[PDB]
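Comments concern the structure below.
All of this is worked out from the model, or read from it or from the source named; no laboratory instrument gave them. For neighbour counting, all protein chains shown are included, and Cβ atoms are generated from backbone atoms with ideal geometry for every residue, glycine included.
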Amino acid sequence: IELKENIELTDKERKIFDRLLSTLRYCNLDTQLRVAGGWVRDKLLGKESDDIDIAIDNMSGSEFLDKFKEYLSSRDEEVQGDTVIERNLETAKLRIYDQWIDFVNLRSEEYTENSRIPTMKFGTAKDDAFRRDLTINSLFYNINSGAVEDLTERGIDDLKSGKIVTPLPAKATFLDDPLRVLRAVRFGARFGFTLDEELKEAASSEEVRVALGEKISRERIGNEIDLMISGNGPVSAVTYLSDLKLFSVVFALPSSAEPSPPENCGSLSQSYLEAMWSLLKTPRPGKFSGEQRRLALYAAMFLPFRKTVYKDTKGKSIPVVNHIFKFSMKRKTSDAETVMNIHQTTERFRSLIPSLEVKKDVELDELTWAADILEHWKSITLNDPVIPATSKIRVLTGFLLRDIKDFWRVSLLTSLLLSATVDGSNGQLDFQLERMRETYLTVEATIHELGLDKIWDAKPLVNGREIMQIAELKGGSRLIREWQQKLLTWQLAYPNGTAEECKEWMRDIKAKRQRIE
């Protein structure tokens, strides 16, 4: 890795450091201030960071935060924040030039503890460096001497090359804080670095794996996985998850998983993950919200678990993707449902593609999922003299675009990965991705030609109250939705038709007694 000679400072950092060095003299303090590890790494790597961690040598976070440098002919020195956090250590928080700078006190980490406030007291810079997660996050920048300190004697070397290494032995560390296993994979794939062989042999142990699935908050497990899928290279993170046999502990399936989890599900997840990652970084328009792209990678990764379900305490077969998001990762309920919507509306999108590439009715009458919509369409278009060949596909597409709301751009990409897999029991996706992009652009254009863009916001032509007016008194809240699904088929088939034009067809058809259903 091409590192920098020394640490280039910016206009705010330098200014902030200038005041910090002025307080050591205006108050005559003997303390050796120092930045924490996360900032020195990005600076030496040629990047920048807004997280400024300052460790105090012989002074508490709030103790040094109460040493305001006033009466120095300054520009009304006035901070914006001064929050202090206690415990049962004392960390102070400052706010200068719209920058959150927390003053942490150099302290050490104990071993004998219940994984909660193990810190006993503060000790030297070595004790604050060897408690860091990785060797690249254990570097200090002594702002009193302007030099870089490598107390681990491995960090500057492991940063010049690509290697994630724990300061202390990995297995002993991963038994005290097993979450550091996922933090190593997160930093190994973010910076494109490798993992030390003693770190791989420790993470792959049954002891560390059994210590990661038990006595470990799932919320934090899912919090690390979201940072992988929502970071630089998530493929590498997933690759390390399957190699170290952590894919089954992080994404744990429920016991009542029917059908049983197929063997080597990590091999099918990576292939879909690599394809999905290479199908969302080609055009690079910048109009792709992170959440949308983040949910897309989960959908492709969990695509083999699309047809497997589980039974909850109510005996309802719930898709397995619900147990992974709600119980194995403690994610938002919107993430669990959005992924499930993508998986269900995928097979229904794969059947409409051969018709959306030529804008014609290409075997749409035998679609088993649209047998109810076609029956609505065949009954309305029976008295039509000549009807276009696009009203059929516009209605069916105009119905699948109202269930995925605006997730049709991510669902269409997942349907292209299901149309490249062969039949069998080996059969795995192998199709070329050169014609896959072209397919995405051809279908997306057809949707736009048909005016179906955001067709999930178009108000209905006839409300529920007029439905009871035009129809008889015989009916109830199951009939309004019944009639509105038929009217939606009329609205999708006649795009330029009015509401009164639709009510004429409704008043005429009730005067003719012609069942559409």
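Below are the figures for this structure:
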{"read-out": "Within region 358-446, helices (runs of 4 or more DSSP H) holding 3 or more residues that are of a type outside the set (S, T, Y) and in contact with a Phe, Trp or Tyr (Cβ under 7 Å, 6 or more places away or on another chain)", "value": "391-400, 408-417"}
{"read-out": "Single match in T173, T166 (criterion: polar (S, T, N, Q), part of a helix (DSSP H, G or I), buried (at least 21 other Cβ atoms within 10 Å of the Cβ) and in contact with an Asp or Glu (Cβ under 9 Å, 6 or more places away or on another chain))", "value": "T173"}
{"read-out": "Matching option when the condition is in contact with a strand residue (DSSP E or B) (Cβ under 6 Å, 6 or more places away or on another chain) and either of a type outside the set (V, I, T) or assigned to a helix (DSSP H, G or I) (or both), among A184, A189", "value": "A184"}
{"read-out": "Candidate set: region 291-313, residues that are assigned to a loop (DSSP other than H, G, I, E, B) and buried (at least 18 other Cβ atoms within 10 Å of the Cβ); chosen: the one farthest from the chain's Cα centre (by Cα)", "value": "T308"}
{"read-out": "Cβ pairs under 8 Å, 6+ apart, first in region 91-114 and under 11 Å from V79 (Cβ atoms), second of a type in the set (A, V, I, L, M) and surrounded by fewer than 17 Cβ atoms within 10 Å (Cβ to Cβ)", "value": "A92/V84; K93/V84; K93/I85; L94/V79; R95/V79; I96/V79"}
{"read-out": "Residue tally, condition under 17 Å from the mean Cα position of the chain (by Cα), among the aliphatic types (A, V, I, L, M) and closer than 18 Å to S204 by Cα, over region 216-270", "value": "6"}
{"read-out": "Filtered residues of region 358-379 (kept if among the β-branched types (V, I, T), surrounded by 14 or more Cβ atoms within 10 Å (Cβ to Cβ) and either over 20 Å from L450 (Cα atoms) or within 35 Å of the chain's Cα centre (by Cα) (or both))", "value": "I373"}
{"read-out": "Conditions (1) closer than 22 Å to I216 by Cα; (2) part of a loop (DSSP other than H, G, I, E, B); (3) under 19 Å from the mean Cα position of the chain (by Cα): number failed by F288", "value": "(1)"}
{"read-out": "Residue that is under 23 Å from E438 (Cα atoms) and either in the same structural domain as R209 (by TED's automatic domain parsing) or out of contact with any strand residue (DSSP E or B) (no Cβ under 6 Å at 6 or more places or on another chain) (or both), where the choices are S289, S260, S269", "value": "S289"}
{"read-out": "When residues of region 115-129 are limited to those that are small (G, A, S) and assigned to a helix (DSSP H, G or I), the one surrounded by the fewest Cβ atoms within 10 Å (Cβ to Cβ)", "value": "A125"}
{"read-out": "Selection count where residues are more than 29 Å from the chain's Cα centre (by Cα), buried (at least 21 other Cβ atoms within 10 Å of the Cβ) and under 24 Å from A189 (Cβ atoms), scope region 130-157", "value": "3"}
{"read-out": "Residues (assigned to a loop (DSSP other than H, G, I, E, B) and touching an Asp or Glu at 6+ places or on another chain (Cβ under 9 Å)) located in region 9-28", "value": "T10"}
